[PDB]
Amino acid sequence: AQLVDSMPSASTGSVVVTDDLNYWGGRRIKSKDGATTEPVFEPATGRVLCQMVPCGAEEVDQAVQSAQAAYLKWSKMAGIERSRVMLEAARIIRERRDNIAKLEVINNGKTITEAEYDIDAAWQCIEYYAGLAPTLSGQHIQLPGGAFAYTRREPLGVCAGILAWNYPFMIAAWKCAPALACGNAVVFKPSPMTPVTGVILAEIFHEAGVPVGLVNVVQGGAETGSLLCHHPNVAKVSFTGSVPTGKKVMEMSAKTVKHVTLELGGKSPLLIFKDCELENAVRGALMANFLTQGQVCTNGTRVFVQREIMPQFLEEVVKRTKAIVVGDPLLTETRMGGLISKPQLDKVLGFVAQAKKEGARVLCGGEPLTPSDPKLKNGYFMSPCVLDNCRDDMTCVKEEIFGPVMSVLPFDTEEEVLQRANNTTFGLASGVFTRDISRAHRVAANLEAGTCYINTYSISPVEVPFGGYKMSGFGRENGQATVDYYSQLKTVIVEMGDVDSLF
């Protein structure tokens, strides 16, 4: 909190975290004793911001019990009532938008120009579900012979959220917002690489007036996350991360019959037809590939450009990608920070390497970097890369890189690309730049993904649902649809007369 207020004077390479990162029972837990720890880094400098001590069964359980208690109280409040508290929680995040954004940058690495949006996105989500709580309802149906039935929309109990690192504050908000609006209690575990901003949100909810313990936070990784999935008092698990893990999470959740939702990854296709408007199309390809160091799950990393315009398109886009400013993330003119960790950087580079080993032709970027500024010497920087000469069978076209690497591929006919676009086990997003009313919707209707952008890309409004198809997951975040994943319907049938018995 004070660290958040210190931000106005904070700058790259200067900050250092010192608070405790575990939070339950309405306060930060000291987590005493040795307890193996992990270093969390400042992506732009490679500096160690602090250590993070992971939670074991003992801790986790307390977190849960804490939530459990609070739920009992919070679930008794009416929507109109849970609404008030939430509206305030937002108003607060609103008033600390910047400071929080700035801190978000230091641990995550994305540019503040982005970070700021990330947070507005966070408080809007809350303010949205808040206004949606008084709407929560069930039905009343008149049945044959005077009897009638009615459903009650009830909360699930204690909801566990397992977060990812590309949008720390935003994703946590996206899971708590609907969860609480519905009357549930929450316990979430931020990515060990980005444990700091999460707890902030938690404190804010308490500060807003939430019953002590409603929002808890446990730090840690695999071991921890597992404890959450196995804990018998968690009614729901909301996971966001890689497909491989999503698969494990779902399995463990089965042992208890837990409700589950998975927003896994993707290798989404962007389709460019010759009748489009190059500039907007260039922007799309661009916006669809390099936000947050290209570490965005919904990125159209597999760009299909209709052969006729391949040249002029590929020209302007290589220029534009080279014109991207890599450097201090806390700078407003910077357009790309460092990746999340060294391992990730090496992994992303390793991909570009094998790309050319498979025939790929690198038009720009794809190599380590070293900013002029001396303090960024140890940052995890690389230059945005644009591949050319790609084949549907190349590892880079098939695998989710999760780095700033764009694969451009030519195509000739509509029927052609559709079969190629949908030819993946993934199905998160997709896009299309064209001008013909029919082709637009038609292609939209035919792509097998959960989201399809038409003449734009990477927009993620709170008013609409968001989730995957196929192995990109199921369930939704944002939009009204979501409330059904954090509530259940009890059917109450009421006989107005006498029982019809066969005995």
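For every residue, the number given is its place in the sequence shown, counted from 1.
When 148-156 is weighed against 196-204, 196-204 comes out higher, by mean CA B-factor as recorded in the entry. 167-175 and 346-354 differ in mean CA B-factor, and the higher of the two is recorded for 346-354.
Annotation for 389, 240, 139, 233: 389 ranks highest, by Cα B-factor. Based on the entry's C-alpha B-factors, the most elevated value among 359, 134, 427, 284 belongs to 359. For residue 220, the recorded CA B-factor ranks within the middle third of the chain. Only modelled residues enter the ranking. Sort the chain's modelled residues by C-alpha temperature factor and residue 79 lands in the middle third, per the entry. Per-chain ranking of the deposited C-alpha B factor places residue 313 in the highest third. Annotation for residue 433: CA B-factor lies in the lowest third of the chain's modelled residues.
Residue 88 sits in the middle third of its chain by CA B factor, as recorded in the PDB entry.
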